[PDB]
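S.K.: here come the first chain(s), positioned as in the complex:
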Amino acid sequence: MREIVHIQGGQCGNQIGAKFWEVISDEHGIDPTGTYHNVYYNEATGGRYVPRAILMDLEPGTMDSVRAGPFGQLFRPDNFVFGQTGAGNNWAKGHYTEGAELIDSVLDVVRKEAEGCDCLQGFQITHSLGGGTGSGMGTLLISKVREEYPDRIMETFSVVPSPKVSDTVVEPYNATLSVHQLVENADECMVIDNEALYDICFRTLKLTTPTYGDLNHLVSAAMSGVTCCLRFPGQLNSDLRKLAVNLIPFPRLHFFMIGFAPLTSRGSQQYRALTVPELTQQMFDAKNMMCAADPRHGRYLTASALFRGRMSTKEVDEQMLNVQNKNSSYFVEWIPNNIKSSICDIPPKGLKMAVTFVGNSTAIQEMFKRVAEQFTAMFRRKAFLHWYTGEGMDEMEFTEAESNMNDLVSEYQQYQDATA
């Protein structure tokens, strides 16, 4: 009941999804053979647990990899709908040219996955924004299914481009297109960025050789913690919608920030105590989150915190109220108790307490200002446009897309100034 269809997509989507299903198989005690030793898995003959998930890419590369690595037997081969021509970092190439040629089968399998459910609650996506395959295919799929399923909610665990050193040079174009699409037909654009992950792995775990495995494991932990207070017993339960309703005051204002706690090295593990005050110290610090927007250089329209662990309750609420009424400047004023909490009863594997802290803030306006600025600087010279027009598209969208982008921040800053 209240199932979830996981939609992969793009190279980043495939890798993060592999890591996510790894973490879920760990938590629910599933070995990589497929047996046990309904919210996510589907039962199959002989007690087998096949993950309710779908992979996709215009290239069979990362699919081949995740089918070769660990936990490659779980996902059924009917859900590996994959083209062989590749997209190649061209959003139009993966949203207008090959979109119409593979989206048919993708919608077919997604329908056969959703109808196979009884009472679906929401969707949940993992993709990038610059890479053609990820951004294009994923946002086209979101468009189709949201124009198909109107009542259920969306979830985009989207990795935005890093600020300083990009991964692709034409990144801002695909980024602004995907953010003008997802702002219209998606309820949570939970943004993640790599450089903050690097700063974390150097500052709060001491791993001086940060490989993508550890970053993917961290975002996997956050993603799992997002919904853990649903598939477990809870002193005060939550879901994908209690968040979604305690979070967004206005449907456009739905671009969150993420944070996980606690994070410790091997040396620090022995000494650091695990009680809700230091968990709060961590979850409300700047260098602890996974976003390129200093939370101390903005405010919080709202912020929810899912706890995990058999701990007290009065102290949770007391520390929430203290953190609020202390930094009342760093929070917004016109809303009362802008901090929402929830508590489950089962901690993760390896700890005893855990906090997934998500927040609808207004600091990400810096990130969108940076992206819009790069867009202007790369567009006012028609640079790299002869690709995005050879694939059936006129510059109009871009401008209007960027136009919509402006309005977005034009609201954020506004609400950061109102006082009543």
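M.R.: Nice, I can see it. Numbering: from 1, shown residues only, chains lettered A, B, ... in the order given.

S.K.: what about the spatially closest residue to residue A:116 that is not a sequence neighbour, neighbour count?
M.R.: Leaving aside its chain neighbours, residue A:116 sits nearest to residue A:42 (7.5 Å; criterion: C-beta to C-beta, 6 or more residues apart in numbering). Heads up, the C-betas are built off the backbone N, CA and C, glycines and all. Around residue A:42 there are 16 other residues, counting by other C-beta atoms under 10 Å.

S.K.: can you tell me how far residue A:42 is from residue A:51?
M.R.: Taking C-beta to C-beta, to the nearest Å as the measure, residue A:42 falls 8 Å from residue A:51.

S.K.: CA atoms only for the longest helix belonging to chain A, dumped as PDB, please.
M.R.: Ranked by residue count and defined by DSSP state H, the top helix of chain A is helix A:396-415. Extracted as PDB, the C-alpha positions of helix A:396-415 are listed here (Å, rounded to 0.1, in the frame of the first residue of the first chain):
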ATOM      1  CA  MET A 396      11.800  31.400 -28.400                       C
ATOM      2  CA  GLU A 397      11.400  28.700 -25.800                       C
ATOM      3  CA  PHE A 398      14.800  29.500 -24.300                       C
ATOM      4  CA  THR A 399      14.000  33.200 -23.800                       C
ATOM      5  CA  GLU A 400      10.600  32.400 -22.400                       C
ATOM      6  CA  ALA A 401      12.100  29.600 -20.400                       C
ATOM      7  CA  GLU A 402      14.600  32.000 -18.900                       C
ATOM      8  CA  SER A 403      11.800  34.400 -18.500                       C
ATOM      9  CA  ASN A 404       9.900  31.900 -16.400                       C
ATOM     10  CA  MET A 405      13.100  31.300 -14.400                       C
ATOM     11  CA  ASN A 406      13.200  35.000 -13.600                       C
ATOM     12  CA  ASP A 407       9.700  35.000 -12.200                       C
ATOM     13  CA  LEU A 408      10.600  32.100 -10.000                       C
ATOM     14  CA  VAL A 409      13.300  34.000  -8.100                       C
ATOM     15  CA  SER A 410      11.100  37.100  -8.400                       C
ATOM     16  CA  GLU A 411       8.800  35.400  -6.000                       C
ATOM     17  CA  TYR A 412      11.400  34.000  -3.600                       C
ATOM     18  CA  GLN A 413      13.200  37.300  -2.800                       C
ATOM     19  CA  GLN A 414       9.700  38.900  -2.500                       C
ATOM     20  CA  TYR A 415       8.600  36.500   0.300                       C
END
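
S.K.: how far does that helix sit from the chain's center?
M.R.: Distance of helix A:396-415 from its chain centroid, counting by C-alpha atoms, centre = their mean, to the nearest Å, is 22 Å.

S.K.: how about it: buried residues?
M.R.: By 16 or more other C-beta atoms under 10 Å, the buried positions in helix A:396-415 come out as A:398, A:401, A:402, A:404, A:405, A:408, A:409, A:412, A:415.

S.K.: what do you get for stretch A:133-150?
M.R.: A:133-146, A:149.

S.K.: repeat for stretch A:109-127
M.R.: If you call a residue buried by 16+ other C-beta under 10 Å, then stretch A:109-127 has these buried ones: A:110, A:113, A:114, A:117, A:120, A:121, A:122, A:123, A:124, A:125, A:126, A:127.

S.K.: also, this goes in as chain B:
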Amino acid sequence: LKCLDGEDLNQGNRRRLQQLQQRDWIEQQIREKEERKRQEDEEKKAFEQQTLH
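M.R.: That brings us to chain B, laid onto the chains above:
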């Protein structure tokens, strides 16, 4: 006519005896139902093994 045995004097005994009999039969039926259910599950497992082979 001073007293008429048509009134039930030992109603408590009737009630308690019927309660105990009903509990006994309910226990027997619960046991046989659990047995039937487990047998159905094991037959389904047998078909599973046949198909896997």
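
S.K.: since we added chain B, can you redo the buried residues of stretch A:133-150?
M.R.: Neighbour counts over stretch A:133-150 (16 or more other C-beta atoms under 10 Å in any protein chain shown) mark A:133-146, A:149 as buried.

S.K.: just give me the closest of these to residue A:9.
M.R.: For the buried residues of stretch A:133-150, the minimum distance to residue A:9 (C-beta to C-beta) is 4.2 Å, reached by residue A:138.

S.K.: what about that closest one, helix or strand, and which?
M.R.: Using DSSP states H and E, residue A:138 sits within helix A:138-148.

S.K.: what packs against that helix?
M.R.: Contacts defined by 3 or more C-beta pairs under 8 Å, 6 or more residues apart in numbering or on different chains; DSSP states H and E place helix A:138-148 against helix A:99-114, strand A:120-128, helix A:171-182.

S.K.: can you rerun that using 6 Å?
M.R.: Where contact means 3 or more C-beta pairs under 6 Å, 6 or more residues apart in numbering or on different chains; DSSP states H and E, helix A:138-148 is packed against helix A:99-114.

S.K.: now do the contacts for residue A:245.
M.R.: Contact analysis of residue A:245 by C-beta atoms under 6 Å, 6 or more residues apart in numbering or on different chains lists nothing.

S.K.: tell me which element it is part of?
M.R.: Using DSSP H and E, residue A:245 sits in helix A:240-247.

S.K.: by how many degrees do that helix and strand A:120-128 diverge?
M.R.: Here the directions of helix A:240-247 and strand A:120-128 differ by 70 degrees (axes from the mean of the first three to the mean of the last three C-alpha atoms, to 10 degrees).

S.K.: quick check, nearest of the buried residues of stretch A:133-150 to residue B:7?
M.R.: Comparing the buried residues of stretch A:133-150 against residue B:7 with C-beta to C-beta picks out residue A:149 as the nearest, at 68.2 Å.

S.K.: what's across from residue A:302 in the sheet?
M.R.: Taking DSSP bridges as the rule, residue A:302 bridges to residue A:360.

S.K.: which segments of chain A make up each domain?
M.R.: Partitioning chain A according to CATH domains of a matching chain yields domains covering residues A:3-246, A:255-364.

S.K.: and these: which comes nearest residue B:33?
M.R.: Nearest to residue B:33 among these is domain A:3-246 (23.1 Å), distances taken as C-beta to C-beta.

S.K.: how about the residues of chain B by chain A?
M.R.: For chain B, the residues in contact with chain A (C-beta under 6 Å from any C-beta of the partner chain) are residue B:48.

S.K.: how far away is the closest residue to residue A:227 other than its chain neighbours from residue A:304?
M.R.: Leaving aside its sequence neighbours, residue A:227 sits nearest to residue A:240 (C-beta to C-beta, 6 or more residues apart in numbering or on different chains; 6.1 Å). Distance from residue A:240 to residue A:304, counting by C-beta to C-beta: 12 Å.

S.K.: the helix holding residue A:245: how far from the chain's middle?
M.R.: Its chain's C-alpha centre and that of helix A:240-247 lie 15 Å apart, by C-alpha atoms, centre = their mean.

S.K.: which residues does stretch A:295-309 contact?
M.R.: With C-beta under 6 Å, 6+ apart as the test, stretch A:295-309 has contacts from A:228-229, A:243, A:246-247, A:286, A:331-332, A:338-344, A:347, A:352-363, A:416.

S.K.: restricted to buried residues, select the residues you listed in ChimeraX.
M.R.: A single ChimeraX command selects the buried members of the contacts of stretch A:295-309 (16+ other C-beta under 10 Å):
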select /A:228,229,243,246,247,331,332,338,339,340,341,342,343,344,347,353,354,355,356,357,358,359,360,361,362,363
